[PDB]
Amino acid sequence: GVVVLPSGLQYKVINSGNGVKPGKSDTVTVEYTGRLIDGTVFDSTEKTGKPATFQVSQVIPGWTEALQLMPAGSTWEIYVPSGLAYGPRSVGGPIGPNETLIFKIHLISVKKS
């Protein structure tokens, strides 16, 4: 059930929602877990206790591509090529150069701006 998008982003719908899909100016409330292919979790909303709220445009391109397709309420797993994430740069963490990232994202709510 892994769909491949033209960008190379891949995703698996765990559960589909019925709410609206965000655009890039929208503000989004989500819960997520990010992992490397070895399984190391790099950040999570479970670690913080609370959901995360941000503008769809301020996240890495792999997320901005997925979010615009996710109806509110949905839970997807996306598999982000390094070019749609942090690229050849190593980003303060076990995330090194040209790192593939796996995110299980749960889109809670969409707010327009």
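Numbering starts at 1 and follows the sequence shown.
Note on 56-64 vs 84-92: mean CA B-factor is higher in 84-92. The deposited model assigns a higher average Cα B-factor to 94-102 than to the other stretch when 6-14 and 94-102 are compared.
The residue among 28, 41, 78, 70 whose C-alpha atom has the highest B-factor in the PDB entry is 41. Residue 33: CA B factor lies in the middle third for its chain, per the PDB record.
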